[PDB]
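Have a look at the structure below before the remarks.
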Amino acid sequence: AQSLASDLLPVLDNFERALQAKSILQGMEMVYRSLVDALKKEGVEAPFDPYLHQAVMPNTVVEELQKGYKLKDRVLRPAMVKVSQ
Amino acid sequence: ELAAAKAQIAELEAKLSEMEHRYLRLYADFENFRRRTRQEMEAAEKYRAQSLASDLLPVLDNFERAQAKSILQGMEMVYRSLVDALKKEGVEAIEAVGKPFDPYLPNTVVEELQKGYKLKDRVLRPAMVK
Amino acid sequence: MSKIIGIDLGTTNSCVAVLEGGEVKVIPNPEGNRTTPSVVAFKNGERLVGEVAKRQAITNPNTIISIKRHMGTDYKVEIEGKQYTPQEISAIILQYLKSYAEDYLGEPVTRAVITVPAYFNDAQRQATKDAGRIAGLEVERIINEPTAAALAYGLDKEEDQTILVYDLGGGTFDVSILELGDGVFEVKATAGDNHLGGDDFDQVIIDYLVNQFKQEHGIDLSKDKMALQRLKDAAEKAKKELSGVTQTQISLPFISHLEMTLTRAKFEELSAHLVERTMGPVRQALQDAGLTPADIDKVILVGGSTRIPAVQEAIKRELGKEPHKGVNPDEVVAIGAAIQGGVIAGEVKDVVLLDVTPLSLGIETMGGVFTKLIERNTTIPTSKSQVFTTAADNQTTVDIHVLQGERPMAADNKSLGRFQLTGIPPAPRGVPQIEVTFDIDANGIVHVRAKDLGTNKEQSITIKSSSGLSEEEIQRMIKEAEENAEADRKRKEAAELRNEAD
Amino acid sequence: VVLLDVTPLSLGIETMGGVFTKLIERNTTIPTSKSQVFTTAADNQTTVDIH
Amino acid sequence: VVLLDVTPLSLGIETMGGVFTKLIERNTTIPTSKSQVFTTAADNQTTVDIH
Amino acid sequence: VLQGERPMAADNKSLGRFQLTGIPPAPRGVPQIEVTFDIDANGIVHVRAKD
Amino acid sequence: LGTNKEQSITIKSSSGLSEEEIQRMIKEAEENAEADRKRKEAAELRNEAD
């Protein structure tokens, strides 16, 4: 099943980076929130080592560029990060 | 000894037939495995994301349901690649649209409240429908 | 013993493959990747290799990137704690490839074989067998990439001939013209481009894309690398689509958002320029050999990015005919390496015939209801066995009637055998056990046994023809089962379990 | 003729000493039961595997 | 419960050289039947005794 | 278990009763069940019932 | 027996292969039946010397 969790992580990190019309972004309690727990009931959890923070461009990892999740002891699509060199 | 030479010769030719046979029955069993296995993994991956799917039917219930007009244009690749990522797998929605409208799936479908979730010859969760 | 394991290194294209049984196999890596690639690193006391080494590469001192350029050279890298050579670094390429082929098979491969360039000579193509054994995995020979996939497919049934390959590297192009020595391969001509390929294709997508977005909103693209990553990926998509599909679009939106309807002939007139940067290498071969485009017996499509119709619409109107696509070109070097790998240390001449079963075979239940043991399509040298029991209490004897076909019915099927068996002990129905091994040889006369257990009294039959007849006659019936499409109404005799009286 | 089912392959437990010992001979029947005993491996065993 | 005739003892023949072979093992059942095969007690044995 | 001379249960001494379970479900009269009575020199008697 | 301790499993009939795999590994038993050699470990009753 991790297949819907990798190929769906582009749209999921797409809504994940987007967190009068001012009150219409509150309706985001559900769509890009609910998918977290509903994609965490299959067992999905989101030292950097071995490509783990995918480095656009000491020894520690800096922040998260486009994040990613282990399927619970698997990997399908990677995660963007930046290193303090 | 003399024709015991011929004797073992026999023995070995015999184990030739015997051997090749021992093989072709093998080729049989080997190649045979495939039909079975192929179909076994078929049924393996038609279902079993059903949990992912009917769990995900609430968050694509507000991404199918719920100044900032540019911020609403952005939802383009979100609910574009999230009914799109329900695709290569095959859990569709319910498409009848004003028909007989199978009640487990005058008397025409007027509207539909909950957007469909169905993966490969089964029923996940129904829509509350007009 | 051990099977001789393929490993190709193509500098950003690389694989270690094998052969199990009668089907050629492309291994999986430790990464989810169908293939993990050629480049690596190090750190304190601990090595890091592959797709796991390579994104710690723009983040850490140690990354080697496409070392193909230094094989067979006096090239020496200065690196932490000891300077290093192409050999010792490649020893680890294949040390990791060793642990990985091991953590796939469990039956180790010590003996192994490599995929090199057809252009190479005594210096570097020795460097292959040498560094091949540096990691610890011995080389029983070193193929060349082109003669390799040539024999992945294989040419030796066929006659004295001529050919030209297509290598598409990862951003490199090549083609090597070859001939048959009636059992011998000698690569004749060589050509291609040092940088051209798939990534470049992706960058014409990213380029006209970014340029067009500056064409609308005036706002430039390439300053931004999650955006540009978004670009590389989505544009790769549209690419391989343009290959297969007739129409496209790209949903890249919530950009900062571009939603376009991705075109094919615009991507083609986009890409129809470097397709003649190829025709150059190609015809340069046509002269290196001397024989015109009209001199060849077969020709082929290789590489990762070769899956688009661009080059193939440049060829169908170039050399007169279509390519052999009978591969999955992306990994096509790897398996090739091992083909002879198992032609040497392993199996010899192969019929692999009567690999199929005429029909589903079963026998006479409940007055003719037909149950299968043998299905159709089944490799012939086999036999399956099943044991029924008593029709009714005190069956003093049991007759056996067997069918061939699909339709679950008696004379809706072909009567095969009828023979009976007697002496059974008297006692409650269902209890006593009678076995029938359908014993199907390879050659087509089928033996079939039924014998009590508690008796050990046994009657079996040796049939004769099983067919006696032709293809159309059978398939007309294989059609016939379908054609009937529910004569299953005999679930009517399925409720004839009325037979039970209690 | 008819069905039931024979348990097409005979089952057992690794016995002690590292051998196979059938508890249910091959072609038997619709569900049945067998029971047998066996005992301590070597002096004062605390624990016993069943494979 | 009711009782069924058992073959209170198990029968057979002597087998050459010489030994008791079981044919219908002991607690067997009401009527039953069983069979087996062996061969000549010697090189082209004249005749075969069944005891 | 009953003790008397009389051909009907009712008319005899009921010494004791017990049951046995688990026998494979399967047709009447088919399963074997072996009850043995054993009497010691005392007049005390044990009964065992064993599938 | 005497301490009445009931720990036990249930097999799911899953892993065991009955398609071919049986009608194979029996004939294995026929080819290889001299596997009676087994008695070796029977003889290994040796270490039963305690």
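Protein chains in written order, with the entry's author numbering: chain A, 108 to 126, 134 to 160, 167 to 177, 186 to 213; chain B, 60 to 125, 134 to 172, 186 to 210; chain C, 1 to 256, 264 to 509; chain D, 358 to 408; chain E, 358 to 408; chain F, 409 to 459; chain G, 460 to 509. From the three backbone atoms N, C-alpha and C, an ideal C-beta is built for every residue, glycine too.
Below-7 Å beta-carbon distance, residue i vs any chain B residue
{"i": "G:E489", "result": "no"}
{"i": "A:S148", "result": "yes"}
{"i": "C:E283", "result": "no"}
{"i": "G:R483", "result": "yes"}
{"i": "A:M144", "result": "yes"}
{"i": "C:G21", "result": "yes"}
Minimum Cβ-Cβ distance from residue i to chain F less than 7 Å
{"i": "E:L361", "result": "yes"}
{"i": "C:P435", "result": "yes"}
Beta carbon proximity, residue i to chain C, threshold 7 Å
{"i": "E:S392", "result": "yes"}
{"i": "A:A175", "result": "yes"}
{"i": "B:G196", "result": "no"}
Beta bridge counterpart(s) of residue i as assigned by DSSP
{"i": "C:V24", "result": "C:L19"}
{"i": "C:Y84", "result": "C:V77"}
{"i": "E:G374", "result": "DSSP output for E:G374 lists no bridge partner at all."}
{"i": "A:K198", "result": "A:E159"}
{"i": "C:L180", "result": "C:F185"}
{"i": "residue 128 of chain A", "result": "For residue 128 of chain A, nothing is modelled; it lies in the interval where chain A passes from 126 to 134 with no residues in between."}
{"i": "C:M267", "result": "C:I250"}
{"i": "C:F173", "result": "C:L168, C:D193"}
Close Cβ partners of residue i (< 6 Å) along its chain, the five nearest in sequence each way excluded
{"i": "F:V409", "result": "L423, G424, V455"}
{"i": "C:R111", "result": "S2, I4, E138, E140"}
{"i": "F:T444", "result": "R456"}
Interface flag, residue i vs chain D, CB-CB below 7 Å
{"i": "C:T444", "result": "no"}
{"i": "C:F395", "result": "yes"}
{"i": "G:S477", "result": "yes"}
{"i": "C:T372", "result": "yes"}
Neighbourhood of residue i by C-beta, 7 Å cutoff - its chain only, sequence neighbours within 5 removed
{"i": "D:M373", "result": "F395, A398"}
{"i": "C:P117", "result": "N144, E145"}
{"i": "G:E489", "result": "none"}
{"i": "B:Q194", "result": "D120, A207, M208"}
{"i": "E:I387", "result": "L361, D362"}
Where residue i meets chain F, residues with beta-carbon distance less than 7 Å
{"i": "D:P388", "result": "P432"}
Partners in chain C for residue i, counting only beta-carbon separations shorter than 7 Å
{"i": "B:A87", "result": "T386, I387, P388, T389"}
{"i": "F:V438", "result": "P435, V438"}
Own chain partners of residue i with C-beta closer than 8 Å, once the 5 adjacent residues on each side are dropped
{"i": "B:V189", "result": "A163, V164, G165, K166, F168, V209, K210"}
{"i": "C:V359", "result": "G22"}
beta-carbon residue i near the ligand ATP non-hydrogen atom, thresh 6 Å
{"i": "G:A492", "result": "Ligands displayed in this structure: none; no statement on the ligand ATP is therefore possible."}
Contacts of residue i in chain B (Cβ-Cβ under 9 Å)
{"i": "G:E493", "result": "Residues of chain B passing the Cβ test: none, with the nearest at roughly 16 Å."}
7 Å Cβ cut-off: residues of chain A touching residue i
{"i": "C:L48", "result": "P170"}
Chain I contact for residue i (CB, 7 Å cutoff)
{"i": "B:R94", "result": "No chain I appears in this structure, whose protein chains are A, B, C, D, E, F and G."}
First through last residue of the beta strand (DSSP E) which encompasses residue i
{"i": "C:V394", "result": "389-395"}
{"i": "C:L428", "result": "421-429"}
CB contact below 7 Å: residue i versus chain G
{"i": "B:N91", "result": "yes"}
{"i": "D:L380", "result": "no"}
Cβ of residue i within 7 Å of any chain A Cβ
{"i": "B:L193", "result": "no"}
{"i": "residue 261 of chain C", "result": "Placed between 256 and 264 in the numbering, residue 261 of chain C has no coordinates, as chain C goes from one to the other without interruption by modelled residues."}
{"i": "B:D201", "result": "no"}
{"i": "B:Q134", "result": "yes"}
Terminal residues of the alpha helix (DSSP H) in which residue i lies
{"i": "C:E320", "result": "316-322"}
{"i": "B:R97", "result": "63-105"}
{"i": "C:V339", "result": "339-346"}
{"i": "B:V145", "result": "142-148"}
{"i": "G:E490", "result": "480-490"}
{"i": "A:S110", "result": "109-113"}
{"i": "C:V52", "result": "51-54"}
Where residue i meets chain G, residues with beta-carbon distance less than 7 Å
{"i": "D:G375", "result": "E500"}
9 Å Cβ cut-off: residues of chain G touching residue i
{"i": "D:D406", "result": "Going along chain G, no residue has its Cβ under 9 Å from D:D406, so there is no contact; the nearest lies around 11 Å."}
Contact set between residue i and chain E, taken where Cβ atoms lie within less than 7 Å
{"i": "C:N401", "result": "Under the 7 Å cutoff, chain E gives no residues; its nearest Cβ is about 10 Å from C:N401."}
Under 9 Å from the C-beta of residue i: neighbouring residues of chain A
{"i": "B:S137", "result": "Those within 9 Å of B:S137 in chain A number zero; the least Cβ separation is about 10 Å."}
Interface residues of chain E facing residue i [CB-CB closer than 9 Å]
{"i": "C:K458", "result": "Those within 9 Å of C:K458 in chain E number zero; the least Cβ separation is about 11 Å."}
Contact set between residue i and chain E, taken where Cβ atoms lie within less than 8 Å
{"i": "F:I441", "result": "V358"}
Under 7 Å by beta carbon: chain B residues contacting residue i
{"i": "A:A152", "result": "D114, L115, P117, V118"}
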